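What follows are structure tokens for two forms of the same protein chain, given separately as structure 1 and structure 2.
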Structure 1
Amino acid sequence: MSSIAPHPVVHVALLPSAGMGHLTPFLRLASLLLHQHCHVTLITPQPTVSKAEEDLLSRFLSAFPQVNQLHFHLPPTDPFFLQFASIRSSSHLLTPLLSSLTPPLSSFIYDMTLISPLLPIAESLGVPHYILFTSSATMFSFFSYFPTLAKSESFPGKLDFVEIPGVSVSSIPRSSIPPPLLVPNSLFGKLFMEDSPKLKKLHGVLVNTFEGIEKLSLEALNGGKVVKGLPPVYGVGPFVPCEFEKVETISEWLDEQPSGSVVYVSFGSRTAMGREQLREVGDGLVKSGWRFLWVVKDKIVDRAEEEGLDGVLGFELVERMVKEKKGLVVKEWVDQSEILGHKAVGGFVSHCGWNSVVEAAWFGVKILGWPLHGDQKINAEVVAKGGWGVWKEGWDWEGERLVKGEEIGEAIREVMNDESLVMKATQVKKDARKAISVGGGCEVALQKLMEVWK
């Protein structure tokens, strides 16, 4: 009535660390913020470990030319862990690029693996600053609680159960603890010890989760039950898959299969089974009798792939799969969300990386959990507690045992024959939509955050 002005711009800077499991939720968060009319600066540590990260970033930036990319050129062990440490070690060199941002920065959201080097930088900027935690809220509870465990003089040798008050997995046995945390000199063990005590300095923690799958962990974190004085935890999931991620023979094959008849199999973007274990997967898929879409990795890093899929699988397995005409096997980057959203896919053999879990939740696809490393056993039990997936506790971390094709096929048939899992997965899918609708946890949290930043 008394002013005609360019309405103020909320400017968010984002900093993702290594791996598709970190880039993907940051770019989906970016898309959400852009839809709330934020200006977004994206800091891109270069070069990326994997080609998939490289190509996704390119597709994102061409989909959103309004995004301001800040190049973060890194100086020249698990290759993604090595990148985590390099980004961390070079982070103190981001201050001049963040200080010079225009329009004025409103908030700063950085990767949970970068807390210690970035915290003083964020405090220098004088804006609300946050981590985006890319794993489950239950895993975040474990992360927050870790200094309480590691203070013990019998850590890590004497620790049989981790029972965090009020969370979605009330008892985490030692066999589900991320294995590096039980080795007394690992990168993540040191990161946990240096970073978790500094959580209280953040303005908040964003998590790609929602009440439909982690109601208890969300309530425990925000009620002071996990660690007193933790910053507010915002359930801003489910992160809905976005158009820019798409890159047509797979979808054409899925178009030919009966509804719900295909078992999708993938163990993420950075994990490769051993050769013998990999071939047992194929044996189990054939033995299951179900149609399957099996995504194979022979190397951790896609750039390192060097053997043809026929040689990886071997003559005998290839021969059985081509003869029965029930499965499709690919050693390439697929559009996992396009696949999970296809009516033909009725189940998901997943390593239970958190992004894959929440995608399965979004599409209501029941899970056969096969956790392999890291946070995956905790995530598998978050799913199983909700009754929309199952996992076999005795299969153990990848490389500890050889899971045979007979028991893989039995587990696949068990999950695909279980209609109670579909019922619960469909209610999760219903709640996934509630979370992003007006009044849902994600809509409420984003409006809170936007109002603080304004």
Structure 2
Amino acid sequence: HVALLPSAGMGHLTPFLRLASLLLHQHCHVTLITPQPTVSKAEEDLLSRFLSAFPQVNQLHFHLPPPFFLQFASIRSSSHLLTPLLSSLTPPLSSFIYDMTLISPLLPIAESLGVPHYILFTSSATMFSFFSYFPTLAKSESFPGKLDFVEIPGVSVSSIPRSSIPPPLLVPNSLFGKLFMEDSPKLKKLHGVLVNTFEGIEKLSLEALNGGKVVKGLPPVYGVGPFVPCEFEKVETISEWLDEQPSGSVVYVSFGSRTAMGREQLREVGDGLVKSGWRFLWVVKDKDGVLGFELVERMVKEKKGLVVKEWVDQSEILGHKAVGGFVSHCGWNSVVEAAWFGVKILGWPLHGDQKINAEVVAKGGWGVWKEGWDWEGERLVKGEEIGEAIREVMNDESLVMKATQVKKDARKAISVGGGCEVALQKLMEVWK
């Protein structure tokens, strides 16, 4: 009997439910905690579509008193409502896995239940190393004054520069600065950490965390990745356009679930897509007259472009043989999915941990990103730079060779060898 509690956003719910599908395939009784009302429609649509495919799971409504960052505040202030709900739960609980963003409000609740509690870090293991090493950084407070690099002993990245550090972590009066210094020291009071990653992309980061060379006192981390896409996530004009395209010729473009860019940069993106000369599938989120008539015509005249304003199935598009590239913000959910389908990534990091995640795939030899593009809103990337980066990555056949090997290691990390199978079964015996 396992208890799950994800945070808000599709970036947190998609990996959590993929973990539940793995636990259910290992024959578990999963009790999913659902903080209602849920934020986005795509979340509650993914829920009932997941609940329908698995009627055996026990959904537990977490009712909060009276958006993504707003539900953040109501849960951590009302986390004491869960320990009466989880104590009178039959069958008796055997474990509890929640999101890392909720490690502080749920640790007292988890310790009071007396069950082995864990966290599911939805980002990379390398970012988890930066998250764990951050309290050590702030105490040697030549920071952020003289700090030029962040050298974590033995991680998969060579050296994390100052440019790749999340900007709010360099400001002393920010939320994430306080959140990092408050959440990270509580990792030691845990039984373990699940991370959606496998040995084929973060071998050195996984071994450095378990080897005790990142920070002293960490619990064992478990690479239960890759979280392969499931069928309950699928809710058909897009697939019919990709079918009539040469394989490995479509450029998939997506920046996650929010895409909070500006109207200035969006014009250059679409302009850069047509200046590259490759057929593309652009996915944009508004939350409209931005596209140029000279570009809208060329998108239709050249028979190359697709632009959509809808929650597409990224797994099908990455799984389609026509898609050979991926312009990604390098959200770890998109990265692991891109690794599973062997689609080389063009890195365009925007906020937070996306510069570090982009270097993880860059060191792996199956991804290329430009340090000079910087964070979102810092400057304007011209369409020529975007057209050149796409031309550079698409012409680069060395990436698909490494991307293929990353696909092989991904398919090998779920089955007989399977660091996921090893980690999951190692957790089952502990939960006895």
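FYI, numbering is relative to structure 1, first residue = 1. Rigid core: the largest C-alpha set superposing within 1.5 Å between the two forms.
Measuring CA movement between structure 1 and structure 2 with the rigid core aligned, the set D255, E163, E316, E123 has one residue at 2 Å or more: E316. Core-superposed comparison between structure 1 and structure 2: the Cα of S86 travels 2 Å or more. After superposing the rigid core, the Cα of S99 is displaced by less than 2 Å between structure 1 and structure 2. Core-superposed comparison between structure 1 and structure 2: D396 shows a Cα shift of 0.4 Å.
Once the two forms are overlaid on the core, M273 shows a Cα shift of 1.3 Å between structure 1 and structure 2. Aligning the rigid core leaves the CA of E153 displaced by 3.8 Å between structure 1 and structure 2.
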